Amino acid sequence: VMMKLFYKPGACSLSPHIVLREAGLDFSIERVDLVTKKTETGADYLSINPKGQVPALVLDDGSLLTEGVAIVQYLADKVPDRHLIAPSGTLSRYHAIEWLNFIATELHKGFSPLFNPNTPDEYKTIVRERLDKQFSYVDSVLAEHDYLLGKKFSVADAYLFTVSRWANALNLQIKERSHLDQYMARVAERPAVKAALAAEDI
């Protein structure tokens, strides 16, 4: 059975959406309303992913895989000739896992208060301040090489690109950002990235 990605336009599921197109694998996509927990076909989303989140990926055996970090590694390992991630058993792969975790916990989850309407503006200010330093730090790494893990685009870039879009949408102040902005411009040119954004009607 063909892989299916459950997504919501602009959410963190854009990351494995980009990876799927970079990978060349066959897949379909299915949009989810995150409030109603219904998919675009009317189906009950909690019946599919009990965690009620995107992304979730239906594998070719019918089983479900959740968590962006797990999904992009699963995909990249499926197409080793495309080198979307360092091979397993290498120190480089542990560094990739390191950066994937940083993005997931410090960038991605860092945004959570900003997307909750019940969050008092005084705290949002504090939260934005922390993200400033986190992205500024990322900028300092992007000063040393073209992509996050080095000279080549990787699944970690798909994830970073995705959450960096949120920073832009929320007009996040970022102290050091000249390399980050140039990087965002570079990644945005990739045909797979553009195809992902179009398919999500962005």
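Position 1 is the first residue in the sequence shown; the rest follow in order.
- The mean Cα B-factor in the deposited entry runs higher for 170 to 178 than for the other of 50 to 58 and 170 to 178.
- The question of which stretch, 120 to 128 or 71 to 79, has the higher mean Cα B factor is settled in favour of 120 to 128.
- Across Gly24, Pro191, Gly10, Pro16, the greatest Cα temperature factor reported in the deposited entry is at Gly10.
- Comparing the listed residues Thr162, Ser63, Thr39, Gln134, the entry records the largest Cα B-factor for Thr39.
- Split the chain's modelled residues into thirds by C-alpha temperature factor. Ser88 is in the middle one.
- Per-chain ranking of the deposited C-alpha B factor places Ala143 in the highest third.
- Placement of the Cα temperature factor of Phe115 within the chain: highest third of the modelled residues, per the deposited record.
- The PDB entry assigns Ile202 a C-alpha temperature factor belonging to the highest third of its chain's modelled residues.
- In the deposited entry, the Cα temperature factor of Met2 places it in the highest third of its chain's modelled residues.
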